[PDB]
Amino acid sequence: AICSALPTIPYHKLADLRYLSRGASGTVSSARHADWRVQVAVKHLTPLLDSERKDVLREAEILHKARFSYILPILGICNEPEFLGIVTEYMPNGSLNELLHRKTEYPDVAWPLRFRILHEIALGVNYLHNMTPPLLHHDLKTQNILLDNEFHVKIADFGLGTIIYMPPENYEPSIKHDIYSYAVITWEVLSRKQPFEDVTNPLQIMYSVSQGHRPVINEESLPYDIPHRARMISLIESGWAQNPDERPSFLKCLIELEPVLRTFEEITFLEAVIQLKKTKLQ
Amino acid sequence: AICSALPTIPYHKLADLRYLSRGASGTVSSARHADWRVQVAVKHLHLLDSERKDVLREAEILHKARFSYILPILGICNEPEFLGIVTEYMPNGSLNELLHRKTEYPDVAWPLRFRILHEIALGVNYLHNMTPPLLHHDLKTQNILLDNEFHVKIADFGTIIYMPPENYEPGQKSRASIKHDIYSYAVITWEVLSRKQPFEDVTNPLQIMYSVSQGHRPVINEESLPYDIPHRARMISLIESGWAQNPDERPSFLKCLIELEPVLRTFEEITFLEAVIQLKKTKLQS
Ligand SMILES: CCCS(=O)(=O)Nc1cc(-c2cc(-c3ccc(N4CCNCC4)cc3)cnc2N)ccc1OC
Ligand SMILES: CCCS(=O)(=O)Nc1cc(-c2cc(-c3ccc(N4CCNCC4)cc3)cnc2N)ccc1OC
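For the protein sequence lines, the chains are A and B, in the order given. Take the first sequence: its letters are residues 5 to 49, 53 to 167, 188 to 200, 207 to 315, numbered as in PDB author numbering. Take the second sequence: its letters are residues 5 to 50, 55 to 165, 188 to 316, numbered as in PDB author numbering.
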């Protein structure tokens with residue numbers, strides 16, 4: 005009964021555009037609003056076909072209808088004959104991929120921060136699932152997860188390399210789908226390692242996973258230093274099971290994770306974040 | 005063209021309710037969601057149809073003003089047994105507590121105070137630049153909640191200090207004015223740079239109303255506002271122009287944001303987190 009219309013931001017109110025990152029889904033730039041006096045990110049894509060506009064609008068309204076504390080907050084759409092793009096909050100620290108694999112800038116990443124990030128990811132995906140109707144991500148990657156000033160998760164890219192996160196039952200030309214990806218991410222988050230490093234052709238990855246093989250679980254990929262190691266390992270291995278029905282919903286995962294995050298003090302999170310900024314500063 | 009329906013949260017999905025604080029605008033409790041697995045705050049009642061209509065008005069105003077510094081509403085609980093607004097849980101409470109709880113919060117680094125002022129101005133300016141412009145007309149340190157990282161979140165669109195004189199007799203038809211809000215902001219800025227109660231010496235609020243209608247404002251001196259305050263002169267000019275006897279002399283929030291940006295720009299990004307962690311540590315162990 006209570007509807008809210010996504011504001012249409014005029015293009016000429018967006019100053020200081022700068023290419024932030026290009027990718028398959030389009031190009032993302034940074035800008036600042038003339039009236040709101042705040043920084044924002046803009047995702048855009053020749054003239055515009057009607058299908059392209061329809062897909063961009065689908066994505067924008069999906070962001071608008073799934074507003075949650077850990078879902079990328081959309082601010083408005085810029086829809087003009089000259090330009091068309093989605094406006095959202097600017098996430099300075101970029102994607103989780105950079106955080107994980109930029110060991111020069113990010114030498115250490117305290118376990119409290121890693122687990123808080125995992126928890127917020129699960130929370131975002133679970134809220135998307137608990138919508139009506141249930142909203143399916145169908146494409147979770149360490150590149151979709153953006154991190155704000157305090158390294159809090161913000162998920163993006165919900166609507167219609189990238190093979191690491193695909194369940195085996197999709198090779199043959207669902208809710209469980211998403212959890213699979215999540216499991217993988219957890220692995221890639223506790224190890225800071227590329228899944229299937231030794232494999233050079235992605236079809237090798239597809240073959241190994243279709244044979245029921247997953248990334249290595251050993252002493253090197255996951256050190257014993259990792260907190261709550263055994264629970265995380267059980268969660269991961271059951272979360273990427275060959276059979277979809279055996280994979281748990283995100284609510285079971287949240288119930289399993291909450292006591293894990295509960296062992297970290299509130300201040301240790303900020304300590305890890307500020308230590309990360311300091312190691313990156315020096 | 006893009007509509008978004010506020011989810012209707014069932015009452016039975018709110019577990020572990022606890023009276024957090026009662027007040028004029030109603031009572032706010034804390035609770036936890038069964039499916040979303042997150043903590044939330046719930047504003048509830050003490055029901056006529058007029059009350060329900062007003063609650064729906066508040067809910068739709070919060071939902072239509074979704075902004076980074078506006079209290080994020082999650083859903084509405086509309087059942088015959090209960091009716092309430094559900095929003096994000098702001099653990100550290102309101103700005104008033106931060107300012108005047110010197111036991112838990114002995115020191116408050118200037119970077120964080122300026123971040124809070126900046127975010128307040130940003131939220132109010134966003135409210136003004138809407139279509140149509142939405143007026144707060146009741147800004148106080150109790151409306152400003154503080155999230156996990158002490159980021160400002162405005163809500164709710188001895189409490190007269192933040193009301194301009196032309197609003198005491200509410201000329202609603204005549205002077206439901208834009209400048210009103212800026213007045214409030216000025217006062218808060220003072221109370222944020224001094225950590226002191228405006229009109230401390232006055233004990234009767236009607237005396238405060240008379241004095242303010244007489245063109246009197248809080249004192250600006252060496253004690254209320256020490257010279258230690260960063261950018262002291264610029265902030266003092268902002269305050270004095272924000273509570274001018276004449277409403278038209280008070281600037282829009284866009285002018286204030288344009289003046290504040292260069293001030294916030296002088297603090298490095300890490301100093302904010304350092305001040306916040308210092309606040310969290312001083313509040314602990316006490
Ligand atoms: C294909 C669309 C990307 S996305 O799939 O992740 N989604 C999506 C994302 C964003 C967004 C992105 C970023 C960002 C900034 C810097 C960097 N790095 C440093 C500079 N060089 C490259 C690496 C990485 C990411 C910040 N803030 C945002 N708000 C904005 C809108 C979006 O709309 C779906
Ligand atoms: C009480 C003012 C109402 S309000 O004017 O600020 N508006 C409004 C606010 C809220 C809200 C409030 C709180 C909150 C938490 C701790 C405390 N303290 C601790 C115990 N001692 C007293 C002080 C006070 C408030 C947290 N999170 C929320 N989300 C929820 C809905 C609202 O309705 C729009």
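Yeah, the Cβ is synthetic: ideal placement off N, Cα and C, and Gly gets one too.
List the residues that DSSP assigns as beta-bridge partners of residue i.
i        : result
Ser25/B  : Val32/B
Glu96/A  : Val44/A
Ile78/A  : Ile162/A
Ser102/A : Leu153/A
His37/A  : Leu18/A
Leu91/B  : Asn86/B
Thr12/B  : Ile84/B
Since residue i is in the alpha helix (DSSP H), which residue starts that stretch and which ends it?
i        : result
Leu143/B : Taken as a continuous stretch (DSSP letters only), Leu143/B belongs to no alpha helix (DSSP H), as it is neither H nor E.
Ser204/B : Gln202 to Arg205
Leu309/A : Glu299 to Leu314
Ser271/A : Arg262 to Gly272
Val293/B : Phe283 to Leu294
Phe122/B : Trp118 to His136
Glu221/B : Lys209 to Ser224
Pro235/B : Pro235 to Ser243
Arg65/B  : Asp57 to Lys72
Could you pull the start and end residues of the beta strand (DSSP E) that residue i belongs to?
i       : result
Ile81/A : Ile81 to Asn86
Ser8/A  : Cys7 to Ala9
For residue i, is the classification buried or exposed, using 16 other Cβ atoms within 10 angstroms of its Cβ as the cut-off for buried?
i        : result
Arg247/B : buried
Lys310/B : buried
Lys148/A : buried
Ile152/A : buried
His71/B  : buried
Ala28/A  : exposed
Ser316/B : exposed
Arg121/B : buried
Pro194/A : buried
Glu298/B : exposed
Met265/B : buried
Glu291/A : exposed
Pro11/A  : buried
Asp278/A : exposed
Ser267/B : exposed
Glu221/A : buried
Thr233/A : exposed
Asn137/B : buried
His16/A  : exposed
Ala9/B   : exposed
*For the stretch 62-77 of chain A, which residues have a CB atom closer than 8 Å to at least one CB atom of chain B, in sequence order?*
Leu64, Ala67, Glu68, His71, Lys72, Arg74, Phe75 and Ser76
*Please name the residues in the stretch 88-102 of chain A whose beta-carbon is closer than 7 Å to at least one beta-carbon of chain B, in chain order.*
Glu96
_Any C-beta of chain A within less than 8 Å: which residues of the stretch 24-48 of chain B qualify?_
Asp39, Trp40, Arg41 and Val42
_Residues within the stretch 111-143 of chain A neighbouring chain B, beta-carbon criterion of under 7 Å_ = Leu130, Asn133, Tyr134 and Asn137
*Note down, in chain order, all residues in the stretch 5-25 of chain B with a beta-carbon under 9 Å from any beta-carbon belonging to chain A.*
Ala5, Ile6, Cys7, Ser8, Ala9, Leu10, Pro11 and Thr12
*Just by C-beta distance, which residues in the stretch 272-295 of chain A are closer than 8 Å to chain B?*
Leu284, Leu287, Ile288 and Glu291
*Could you run through the stretch 231-252 of chain A and flag, in chain order, every residue whose CB is less than 9 Å away from some CB of chain B?*
none
*Note down, in chain order, all residues in the stretch 214-226 of chain B with a beta-carbon under 8 Å from any beta-carbon belonging to chain A.*
none
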